[PDB]
């Protein structure tokens, strides 16, 4: 199965790109490097990038990078093809662009581009690693965070993630406004969550992205920074009922929410995880506006 969410690549209009650098660098506290082409490489560990912003004519999620073990790549790609998505082999330039040893790409019916990839080695970055839960940790494999997406047909997409990509269901959170399905592929409580269309959102939209700090104080600081820098909060500090994350949400200029959280529930043993069910998304806090 998929090992972890290894990278995300977004395209942004020129002004939106510069504004997103503020989000990642000056609120989230990630390291953001710039290259010769004006790209922004958002780093949370030793990897050259975990999130990359590329200039483009429209704001969109351009690629989702699913890291897989070398021994699983060909096999997973085969199951994707059996599910009737065409899988193309990336050339050397594309693989190197992703800082990956190999990449196979496909697009789904919801308009997302997926890339199954084998990782290239990269050095440790002790300072940065002390700040974010990302990739390989002492207590397991986590990837970079989670992505929550809106899709036309939740059940079908859930079946693809589950039966093709090898994700397991963590829990379902259901209340009058929404019905969300949280999926894991490693220690992180969820790497992806799925919803059908709802007030606001349409198939193929990103609901939010989440990054995970290694201390509660990072979250409080970032939250203060949103306010101090004169921005607006989407959801105030709170704790989710399912993942137990201490987090807040902000609306980013690229048109989706960004969540910074702490203390996410770990899936210790995937084989014995019990699917949970919750009637409310939060224990306390998380006040809209």
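Positions refer to the first chain, counted from 1.
Higher mean CA temperature factor between 35-43 and 260-268: 260-268, per the PDB entry. Looking at 117-125 and 192-200 together, the entry lists the larger mean B-factor for 192-200, computed on C-alpha atoms. Based on the entry's C-alpha B-factors, the most elevated value among 49, 231, 248, 66 belongs to 231. Listed residues 131, 107, 180, 96 were ranked by CA B-factor as deposited; 180 comes out on top.
Sort the modelled residues of the chain by CA B factor and residue 220 lands in the middle third.
Annotation for residue 288: C-alpha temperature factor in the highest third relative to the rest of the modelled chain, per the entry. Among the modelled residues of its chain, residue 208 has a C-alpha B-factor that falls in the middle third, as given in the PDB entry. Among the modelled residues of its chain, residue 154 has a C-alpha B-factor that falls in the highest third according to the deposited record. In the PDB entry, a CA B factor belonging to the highest third of its chain's modelled residues is recorded for residue 279.
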